[PDB]
Amino acid sequence: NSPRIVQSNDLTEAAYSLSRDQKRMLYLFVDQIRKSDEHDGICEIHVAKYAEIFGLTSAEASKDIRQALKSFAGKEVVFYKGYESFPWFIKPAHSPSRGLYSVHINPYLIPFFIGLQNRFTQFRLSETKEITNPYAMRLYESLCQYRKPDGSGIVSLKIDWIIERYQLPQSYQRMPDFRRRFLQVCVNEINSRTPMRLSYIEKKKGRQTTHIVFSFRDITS
DNA sequence: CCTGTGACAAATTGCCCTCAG
DNA sequence: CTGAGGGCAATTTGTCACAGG
Ligand SMILES: [Mg+2]
């Protein structure tokens, strides 16, 4: 039953750092954007509906959905084919009434959310909601960019490019760490908490790894 | 140069309780 | 009963020294 989340490939591949909680909210606006046209670009958020859709308590849910908002100040996203740096909101959010929050999306993002009828990413929210780690979030998010209908696919990604688009810590430049605190972690989270069955092999030129080749079956078979 | 691992610091997790309405 | 607050211990995340190929 989770609402199918349908995003521009543009989005799937862009450069931003958002928290777990924050990306969670990301999925929710773009849905309200999808029932929008010729838009105003304002979005409502209902605390009760959050803690039902993400299995939280009323009280904890209202922490997650407050802090996150304050830490959208500053947050940007860079678009590429291009070096076009954008910003998430224009006025901060607020709650006219008890429980509802009205955010104000930069309406110069609307077409970058509908993108193109040619190339776009889809998935259902049910897949992703038991992920704690966000980097795991971006990955499954891209991994779906390539899924063919039966739930399977293949892809090679390049380390210099994962670092940019997903915008990871500088200390991960050394691979020994990269594979410890990002690689084995995000493959373990996905292959545990989602309906996907992953594995990986490294692509090495010379004395250095450079690509990761991701390869996945829908666990449903 | 490459790597893996330990140890320490700094940020998250979910869980707890107060209080106003 | 709800949600706007304060606080938390345990684990998960970011860093870097050191040992060997
Ligand atoms: Mg929380």
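As summarised from the PDB record, the model derives from X-ray crystallography at a stated resolution of 3.28 Å.

A. Fine view of the protein's contact with DNA strand B. What surrounds DNA strand B is a group of 13 residues, the closest being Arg20, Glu60, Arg174, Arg179 and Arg180. Protein-proximal atoms of DNA strand B, defined as those within 4 Å of the protein, fall in sugar or phosphate at a share of 45%. Separating a base oxygen of DNA strand B from a side-chain N or O atom of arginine 174 is a distance of 2.8 Å. One of the side-chain N or O atoms of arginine 180 is found 2.5 Å from a base oxygen in DNA strand B. Every element with two or more residues in the surface near DNA strand B is listed here: α2 (20-34), α4 (58-70) and α9 (175-193). It is α9 that contributes the most residues to the surface near DNA strand B, five residues altogether. Class assignment for the residues of the surface near DNA strand B results in two nonpolar, one polar and ten charged.

B. Local environment of the side chain of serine 152. Relative to the helices and strands, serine 152 is located in the loop between α7 (134-143) and β7 (153-158). Separated by 3.1 Å, the side chains of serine 152 and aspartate 150 make a polar contact. Setting aside chain neighbours within four positions, we find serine 152 in contact with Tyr146, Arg147, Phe216 and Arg217.

C. Inspection of the protein's contact with DNA strand C at higher detail. With respect to spatial proximity, 21 residues lie near DNA strand C, and among them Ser62, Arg98, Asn133, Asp177 and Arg181 are the closest. Considering the 4 Å shell around the protein, atoms of DNA strand C inside it are sugar or phosphate in 63% of instances. Note that a phosphate oxygen of DNA strand C is positioned 2.8 Å from one of the side-chain N or O atoms of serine 62. One of the side-chain nitrogen or oxygen atoms of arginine 181 is found 2.9 Å away from a base nitrogen of DNA strand C. Only α4 and α9 provide two or more residues apiece to the surface near DNA strand C. Tallied by class, the residues present in the surface near DNA strand C amount to seven nonpolar, six polar and eight charged.

Each value, and the rule that gives it
Residues numbered from 1 in each chain as written, not as in the entry; some residues may be left out. Chains lettered and ligands numbered in written order. Heavy atoms only, no water. Residues with missing side-chain atoms left out of burial classes, pairs and counts. Near = heavy atom within 4 Å. Polar contact = N/O pair within 3.5 Å; in protein donor to acceptor, adjacent residues only side chain to side chain. Helix = DSSP H or I, 4+ residues; strand = E, 2+ residues; numbered from the N terminus. Nonpolar A, V, L, I, M, F, W, Y, C, P; charged D, E, K, R; others polar. Contact = heavy atoms within 4.5 Å.

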